[PDB]
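Everything on this sheet refers to the single structure shown next.
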Protein chains: 2
Amino acid sequence: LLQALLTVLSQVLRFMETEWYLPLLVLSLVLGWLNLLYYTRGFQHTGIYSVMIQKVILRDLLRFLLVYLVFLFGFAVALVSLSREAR
Amino acid sequence: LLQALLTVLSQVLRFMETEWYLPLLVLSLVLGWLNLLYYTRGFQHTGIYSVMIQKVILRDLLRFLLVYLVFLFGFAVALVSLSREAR
Ligand SMILES: NCCOB(c1ccccc1)c1ccccc1
Ligand SMILES: NCCOB(c1ccccc1)c1ccccc1
């Protein structure tokens with residue numbers, strides 16, 4: 001659905017000649033290629049292999065990102081404030 | 001306690017206009033953000049996940065650091081003495 005919405009939006013933006021049509025077109029291209037895993041389930045070779053990604057792999061990747069991004073922000077604000085003074 | 005002590009010290013230093021108040025203020029900001037894990041225990045979602053850090057994760061990270069830092073010093077002194085002579 002997202003790939004379809006962005007593609008429709010990108011083509012709508014291209015009609016209005018706004019420069020932001022290209023980023024949406026490129027994001028649609030990235031999402032569309034990633035959507036090709038949906039058709040791996042049609043073959044026993046690729047279907048069984050791609051089972052153990054959504055169950056465990058994809059879930060725990062989100063867990064690290066949320067915790068890490070919070071303290072990435074905490075250190076980023078710390079470094080900028082401390083580095084504002086020159087020698 | 002450390003975050004409170006450094007924050008009090010940093011504000012005390014700021015009254016005396018010493019430049020070292022900023023590093024203590026920034027260290028307090030880093031520690032204060034890290035103290036936010038204490039409130040993860042209030043939710044079942046985050047409480048159970050954050051259990052397996054203090055028991056095993058944090059302890060063994062200290063083990064590597066103490067052993068590695070000793071021989072980091074040993075190689076550092078070795079490299080400087082050996083690199084003192086130019087070609
Ligand atoms: N040369 C075709 C190999 O096919 B795959 C495959 C073949 C037999 C059994 C299981 C998998 C495959 C390749 C990449 C990713 C996932 C599966
Ligand atoms: N979108 C909320 C996800 O919540 B977390 C979560 C949800 C259900 C079960 C276990 C944990 C979570 C996220 C990051 C780190 C730790 C836990």
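Here's how to read the names in the structure tokens: chain A, B, ... by the order shown, residue numbers from 1 in each chain, ligand numbers from 1 in the order shown.
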
Give me, as a list in words, all polymer residues having an atom no more than 12 Å from residue A:67, counting only C-alpha atoms and skipping those fewer than 5 positions away in the same chain.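 These residues fall inside the cut-off: residues 60, 61, 62, 72, 73 and 74 of chain A; 33, 34, 36, 37, 40, 46, 49 and 50 of chain B.
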
What does the file look like for those residues with C-alpha atoms, as a PDB file, in the first residue's frame?
```
ATOM      1  CA  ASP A  60      14.499  -7.432  17.555  1.00  0.00           C
ATOM      2  CA  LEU A  61      16.112  -5.025  15.082  1.00  0.00           C
ATOM      3  CA  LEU A  62      13.434  -2.520  16.094  1.00  0.00           C
ATOM      4  CA  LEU A  72      22.417   8.743  20.386  1.00  0.00           C
ATOM      5  CA  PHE A  73      20.427  11.956  20.830  1.00  0.00           C
ATOM      6  CA  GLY A  74      21.622  12.269  24.426  1.00  0.00           C
TER       7      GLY A  74
ATOM      8  CA  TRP B  33      19.755  10.352  30.271  1.00  0.00           C
ATOM      9  CA  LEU B  34      21.296   6.959  31.054  1.00  0.00           C
ATOM     10  CA  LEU B  36      16.155   6.655  32.367  1.00  0.00           C
ATOM     11  CA  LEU B  37      16.485   2.849  32.220  1.00  0.00           C
ATOM     12  CA  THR B  40      11.693   0.742  32.176  1.00  0.00           C
ATOM     13  CA  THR B  46      10.379  -2.860  28.641  1.00  0.00           C
ATOM     14  CA  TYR B  49      13.595  -6.989  28.081  1.00  0.00           C
ATOM     15  CA  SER B  50      15.941  -4.904  30.244  1.00  0.00           C
TER      16      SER B  50
END
```

Using only C-alpha atoms, find which residues of chain B lie within 9 Å of chain A and jot them down as an MDAnalysis selection string. chainID B and resid 22:23 26:27 29:30 33:34

Next, write the just-selected residues to a file, as a PDB file, in the first residue's frame, keeping C-alpha atoms as the atom set.
```
ATOM      1  CA  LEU B  22      30.615  22.958  31.564  1.00  0.00           C
ATOM      2  CA  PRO B  23      32.278  19.482  31.535  1.00  0.00           C
ATOM      3  CA  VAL B  26      27.648  17.787  30.287  1.00  0.00           C
ATOM      4  CA  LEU B  27      28.653  14.662  32.238  1.00  0.00           C
ATOM      5  CA  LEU B  29      23.429  15.354  31.204  1.00  0.00           C
ATOM      6  CA  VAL B  30      24.935  12.101  29.915  1.00  0.00           C
ATOM      7  CA  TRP B  33      19.755  10.352  30.271  1.00  0.00           C
ATOM      8  CA  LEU B  34      21.296   6.959  31.054  1.00  0.00           C
TER       9      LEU B  34
END
```

Among the residues of chain A, find those DSSP assigns to alpha helix (DSSP H) from the backbone and print them as a VMD selection string. chain A and resid 2 to 15 21 to 34 44 to 49 57 to 82

With a distance cut-off of 12 Å and only C-alpha atoms, select the neighbouring residues of residue B:20, excluding the residue or stretch itself and same-chain residues fewer than 3 positions from it, and output the selection as a VMD selection string. (chain A and resid 82 85) or (chain B and resid 6 9 to 17 23 to 27)

Using atom CA of residue A:69 and atom CA of residue B:64 as the two end points, give the distance in Å to one decimal.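 About the pair atom CA of residue A:69 and atom CA of residue B:64: they are 25.4 Å apart.
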
How many Å lie between atom 15 (C, counted along the ligand's line) of ligand 2 and atom CA of residue B:55, rounded to one decimal?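 These atoms are spaced 17.1 Å apart.
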
Rank nothing, just name the residue among A:32, A:43, A:21, A:38 nearest to ligand 1, using only C-alpha atoms and all ligand atoms.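 Checking each candidate against ligand 1, we get A:43 as the closest.
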
Rank A:53, A:5, A:66, A:58 by their smallest atom-to-atom distance to ligand 2, using only C-alpha atoms and all ligand atoms, and report the top residue only.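 Counting only C-alpha atoms and all ligand atoms, the residue closest to ligand 2 is A:66.
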